[PDB]
Amino acid sequence: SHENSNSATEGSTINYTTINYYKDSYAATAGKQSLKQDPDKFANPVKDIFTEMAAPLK
Amino acid sequence: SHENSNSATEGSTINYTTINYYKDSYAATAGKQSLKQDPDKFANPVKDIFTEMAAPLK
Amino acid sequence: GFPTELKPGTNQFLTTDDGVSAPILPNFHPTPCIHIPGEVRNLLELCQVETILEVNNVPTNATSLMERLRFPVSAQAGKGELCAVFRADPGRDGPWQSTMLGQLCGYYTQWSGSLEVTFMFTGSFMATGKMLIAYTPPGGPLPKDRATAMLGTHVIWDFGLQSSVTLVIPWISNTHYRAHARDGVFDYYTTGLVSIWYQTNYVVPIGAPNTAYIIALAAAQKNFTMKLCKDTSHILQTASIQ
Amino acid sequence: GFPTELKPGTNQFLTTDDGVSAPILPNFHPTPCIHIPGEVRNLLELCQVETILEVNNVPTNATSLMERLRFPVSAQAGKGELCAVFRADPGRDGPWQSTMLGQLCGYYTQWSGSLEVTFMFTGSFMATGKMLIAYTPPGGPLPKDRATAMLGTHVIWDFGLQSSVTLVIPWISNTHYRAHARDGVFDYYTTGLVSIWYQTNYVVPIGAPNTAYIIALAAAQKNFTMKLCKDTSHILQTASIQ
Amino acid sequence: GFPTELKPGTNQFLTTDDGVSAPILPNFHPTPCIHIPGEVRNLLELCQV
Amino acid sequence: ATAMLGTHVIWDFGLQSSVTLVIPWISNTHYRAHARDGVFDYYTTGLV
Amino acid sequence: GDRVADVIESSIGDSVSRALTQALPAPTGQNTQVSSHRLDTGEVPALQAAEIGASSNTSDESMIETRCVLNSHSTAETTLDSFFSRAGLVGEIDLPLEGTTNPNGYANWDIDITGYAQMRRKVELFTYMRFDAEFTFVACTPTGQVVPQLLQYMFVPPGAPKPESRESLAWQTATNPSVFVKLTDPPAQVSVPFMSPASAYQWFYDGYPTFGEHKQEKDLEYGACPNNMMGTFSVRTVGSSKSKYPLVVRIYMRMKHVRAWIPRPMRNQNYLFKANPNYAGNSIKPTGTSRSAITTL
Amino acid sequence: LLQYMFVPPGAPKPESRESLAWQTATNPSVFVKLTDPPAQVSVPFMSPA
Amino acid sequence: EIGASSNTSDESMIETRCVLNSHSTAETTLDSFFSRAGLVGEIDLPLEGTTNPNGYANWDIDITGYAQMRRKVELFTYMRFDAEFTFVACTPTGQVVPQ
Amino acid sequence: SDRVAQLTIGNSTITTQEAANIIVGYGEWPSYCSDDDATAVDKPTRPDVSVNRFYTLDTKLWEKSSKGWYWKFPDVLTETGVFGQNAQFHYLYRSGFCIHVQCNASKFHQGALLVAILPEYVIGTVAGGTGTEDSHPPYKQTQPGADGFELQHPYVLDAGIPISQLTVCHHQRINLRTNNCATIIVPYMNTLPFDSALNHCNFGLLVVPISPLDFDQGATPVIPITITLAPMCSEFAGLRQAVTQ
Ligand SMILES: CCCCCCCCCCCCC/C=C/[C@H](O)[C@H](N)CO
Ligand SMILES: CCCCCCCCCCCCC/C=C/[C@H](O)[C@H](N)CO
């Protein structure tokens, strides 16, 4: 399908599989997102990472 | 697609990618124009072209 | 004229139907995206942050609404007394309603995986003590003594240099997913109780104050999973906005 | 009978929907095209031509409407005086409204890139002078002295053999695109000011006239870009044509 | 605008028509199945008792 | 709030009980002499 | 080139975002390993410090005696596209016959999704969003009846002259996108791209858009972000004379290709105004519910 | 014109016709008239068991 | 006085920074400017009157009858285009009748 | 090896022996904008060591009946130093931050604090008590300056959002049993690469006492809280005259 590439995702690490019947890519369906998580961003945002086997403050 | 070639573009340097469901090519969609500009036609229409590093009238 | 045939489901408007729709702006390239920090890619990333659990939801008036975050401990007669108790349902009207897990599992019908409740002691440095934090699987009512509540899953917690313990509530369930429990027939999805008993006492020397406080912080594990997105239950709205 | 299902968006008429429609004339070959000079392929080609900027939009009556293209200079007391000032918004009611950039960015909502304002001196040959043409990024109000207005982006312009200078207005912006500014909340998209101060004076010998004139010509750069095509704002129409 | 033509049998509701219908819950994975004994695969298995 | 703008060191009390404010050699000359009242205030080092 | 040593060995101009995290693929939940009894010294996985700010990293195996479970619960439901792609009511436009609200057969609606409390509470979970849309306009009489009436929707971008009346010359839509529908058909459905000058929308913008001495008259411009004022939605009964059917238009927006940044707490109080986080001063209601004591249920 | 609404177990039921639970921000709803073919959805296996 | 415009780059006037510009110019082309349907004519068919009382009306083909479409197409002198006409018929009160 | 730390940046140094850890905001360090994200065409100035240094703002008084305070950033640094004189002359502005809140007590005092970073903390008022008037906060409450502002209803954070979910953003706790300082490194969080530094405040710092203070008669009765913060990777673009607001 030869179309324009101007959706609100372009330039990301997530690869879609959508259907589209027009020339512009913001009219396409939502599709199947890739399942990539990152718990280390909001839950463990510390500089030195400590092991769970050790007490942190010694 | 075997059809007639009688659109209002034929014989140009712009190559389209359109869809069409009839035998004549003026009923097709607008499509994706090629992006070719020419600023030297309306902005610098002079015979001898001068460099921007040099004053023109010396 | 291609042969076709309209089957039912025609001229309906399903609010959740994913399909191609008609774009209004042709050959339109949007504003390019820049690197903004804090990009979520899932809503299981907001489950694993600890938030304050309103265990002491006794006070009502607006001048003392800040007191509903911590519960007091003090010196007892040394009989193994009871400090606080609360249910472990994150889809019920109670202490779990004011977390990031109680508002993001208000938008879902079923949930799975292990909860965890991280406590924190905010007393003096020269004051120590031990607490028994027992978790009761369902069927068992409110225990009348610490000797009865010891039989469940419990964790003995000593105060000292480190001032936080983590009682992970295990996923003791017959079903793969459980829904939100409430009164009536929906007591089948009850998770249990969490009770806090004085193990020994709260010992304090001369000069340090009598009453200390504990702050409870609840989170989720790495095997937490939600399903069947719904509308939120524990909120209302007055009529005639503006 | 092929199985199908009509989804919503059916039996609508979108004015911008690109699609195949039914042709009325079969096997029709049109008139062949010949080489006509002046073929545009973009509307960014009409942005880069200079057009007269109505800086002196003081007069009103029809007998003096030709005076709104140039602004006068003369001999001062030599105190660093002010000649003219105007805003640098090409989507506002002002001097930029009568350019090729003010009518082709009336048909768009947002614009980007650098502007440039090319002046031209139409005085005598034996008369020289110097002007300071300062550009003020937004936030800064109208300056009260040339010592205050020197702190922005400015260009000192001497008169002589060459009689045109080009103050390119840099794209100093926080956003990638900016919209058309007007009064109220939309002052957030303001571009700034351009002021013209007497650097030294306007010196003239015996026999040559006192008052000269400067013509301002505005254009666009090679990084100009517009977006979000709209209806034009700075025009009206009376009712009952014919 | 693709050329088409509605043939009869249109806007009917046949109770036994097998066809694709519109799903209401997107990206929904159901509860996984476990080994429950006594799985029928035909109704000729209840004839022979 | 005025004295914070120079070179400063915030010092907490605890187990270790000594901090070291090294005064940097902020000077226009290679060597400086001994300052006193009058014209010889040119060789002043500053304040702590 | 460079000859000084405090620049050639410096770090001025570090442009790349030095990230401490690295996103790993996680299609299902995490399994559980077999753990036995452990009675050792020094190695404690149950004692942490909440003063650090990070959360608990206690596995289930390091606290109880576990069993091996091959977990196969999919996490494809809690993603952003499977949470926001559900169309909710964002606005309602009235067109009565004899009244004072809109008695001239047209009504202008400014584009904001913060008019109804059920959609507003979901999108204000985050601070920055970046989405497309699929609008849907369901038109009916106030008694639900469908009448044979023709209607014109018009999207007015910010700047274009609004129509003063029904017979005005701005309705000729030479460049504005317009939708012509009747009422005896399926409802209209368009697709709106990401139309912002910024790189993302923002529902909370702390600050003023103008400069100058902010006094008591100019205080209402606080929090009005002009990267979100997307224009004006306009409707009319397509004709010259007075119509005879009352109309009600309802707007349903669903987001697709959603990216969200910087989460924040969700609101617990009642909403009071549009684009204004005011609340009731006397009626501060707590989040949970109250009981008699803490020792009993 | 009619609106069907699927209320999952837990969500607040509408008290009346003008109630603010009909705004269906996350509930799947079907909007049909009566002058069309009847609505048809596809419900998955929605059980915890 | 030469007649050509300014060729002054931004780098030759101020001290610039390296910017990898990625703003697309696919919006200002001719197909993305004129492919928006505007009202070019209106035909009246009344019952009792003097304009068209015989149930028919003849309209000469010209797109210069309404001021909003006319100002766009008169930006150029010569044009060469196809068209997609669209005829929306209704009562003067907007009602749709079986006619 | 973990209790003690030192922060050296510019010509300033903070040494503390009862620290917990140095949190990093969203796993991203502050940096300079790349050529892809950049919008302007003028070269941005960047003073290296003259603005990336600690500014000790003000001393608060944590009494028994305290409620909380909030400081809007970067409003607090428009009158202090070369940073306060560059943000008055320049138009565009881009910087991370590094916030460090000291609060000390003995081993006989008890209490806790919540140090939070809330991006785009929009102040809302009480709408006249009953919720009828469309009131708006004044200029002396929205941008308070370097002196902060006392919270009137800290349970709803004076913005409608509850306090119990505040820890989804950046939070460290000053618990007077184990630690005495809370250090947060915040990157640049905005939808635009640059921003004006006179109207838009990026994030708001919130210091609220969760667990109250307590002591017996004989200890010293005043416990001060001091905020100390340092911009990091500051950049400015676009010169004009000095305007104050
Ligand atoms: C016929 C055209 C249909 C109208 C299409 C409108 C497109 C506008 C884009 C909608 C995206 C939501 C806009 C969000 C802004 C919020 O209201 C503000 N941040 C708060 O007032
Ligand atoms: C059922 C057939 C529908 C009618 C189709 C009409 C085809 C005519 C082609 C339209 C192209 C525009 C004609 C432009 C001419 C301008 O009015 C004149 N130059 C000025 O009067």
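Per-structure values
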quantity	calculated
Axis proximity, chain B to A: residue whose C-beta lies nearest, plus whole-Å distance	B:21, 11
Counting all C-alpha pairs of chain G, share separated by more than 30 Å (%)	58 percent
Across the identical copies, how the residue A:49 labels are spaced - nm, sorted shortest first, 7 Å along Cα→Cβ	5.6
Dipole magnitude (debye, nearest 20) for chain G, charges at Cβ of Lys, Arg, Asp, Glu	1160 debye
GNM flexibility winner over chain D from D:133, D:215, D:24 (Cα, springs under 10 Å)	D:24
Calculated SAXS-style log₁₀ I(q)/I(0) at q = 0.04, 0.09 Å⁻¹ - the protein assembly as shown, Debye, Cα scatterers	-0.29, -1.33
Size of chain J as Cα extents on the principal axes (Å, biggest first)	62, 57, 30
Cα-centre dipole for chain J with unit charges at Cβ (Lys and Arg positive, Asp and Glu negative), debye to 20	520 debye
Net charge dipole size for chain I [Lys, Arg +1 and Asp, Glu -1 on Cβ; Debye, nearest 20]	140 debye
Per-residue ³J(HN,Hα) for the stretch C:65-73, Karplus 6.51 cos²θ - 1.76 cosθ + 1.60, θ = phi - 60°, Hz, x for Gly and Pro	6, 6, 7, 8, 10, 9, 10, x, 10
Residue with peak Gaussian network fluctuation, chain D [Cα springs, cutoff 10 Å], from D:147, D:75, D:62	D:62
For chain A: Kirkwood Rh in Å [reciprocal of mean 1/r, alpha carbons]	15.2 Å
Debye intensity ratio I(q)/I(0), log10, the stretch C:1-144, q values 0.10, 0.14 Å⁻¹ (C-alpha model)	-0.65, -0.96
Relative contact order, percent, chain J [alpha-carbon distance under 8 Å, six or more residues apart]	41 percent
For chain I, convex hull volume per residue from C-alpha positions, Å³	245 Å³
Whole-number Å³ per residue for the convex hull built on Cα positions in the stretch G:174-219	227 Å³
Residues J:62, I:59 arranged by fewest to most Cβ contacts within 10 Å	I:59, J:62
The stretch J:73-182, Rg to Rh (Cα coordinates; Rh as Kirkwood inverse mean 1/r)	1.02
Mean separation of Cα contacts under 8 Å, 6 or more apart, over the residue count of chain H: relative contact order %	43 percent
Amide H within-cut-off set for residue G:69, under 5 Å, with H built and near neighbours excluded	G:32
Tail beyond 15 Å, pair distance distribution of the stretch J:30-93 (Cα, percent)	66 percent
Residue with peak Gaussian network fluctuation, chain G [Cα springs, cutoff 10 Å], from G:77, G:167, G:61	G:61
Positive-end residue of I:77, I:38, I:28, charge dipole of chain I with Cβ unit charges	I:38
Chain D: relative contact order in percent, alpha carbon pairs under 8 Å with at least 6 residues between	32 percent
Per-residue ³J(HN,Hα) for the stretch C:191-200, Karplus 6.51 cos²θ - 1.76 cosθ + 1.60, θ = phi - 60°, Hz, x for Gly and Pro	8, x, 9, 10, 10, 10, 10, 5, 5, 9
Members of C:79/J:64; C:7/H:33; D:227/G:274; A:58/J:107 lying beyond 26 Å, as alpha-carbon distances in this model show	C:79/J:64; D:227/G:274
Alpha-carbon Rg/Rh ratio, for the stretch J:137-213, with Rh computed the Kirkwood way	0.97
Environment charge at residue J:210 (Cβ cut-off 10 Å; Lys +1, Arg +1, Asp -1, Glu -1)	+2
Reference-scaled alpha-carbon Rg (2.2 N^0.38 Å with N residues) for chain F	1.56
Integer Hz, Karplus 6.51/-1.76/1.60 couplings in order for the stretch G:265-277, x for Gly and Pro	x, 8, 6, 10, 8, 6, 7, 10, 9, 8, 6, 7, x
5 angstrom amide H check on residue C:118, placed H, neighbours 5+ away	C:217, C:218, C:219
Extreme residue, positive dipole direction of chain C, given options C:58, C:91, C:76 (C-beta unit charges)	C:76
Globularity ratio of chain D, using Cα Rg and 2.2 N^0.38 Å	1.37
Calculated label separations, residue A:10, copies of the chain, 7 Å along the beta-carbon direction, nm	3.1
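FYI, it's all coordinate maths here, none of it is from the lab. Note that each Cβ is placed from the backbone with ideal geometry, even for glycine, and that neighbours are counted across all protein chains shown.
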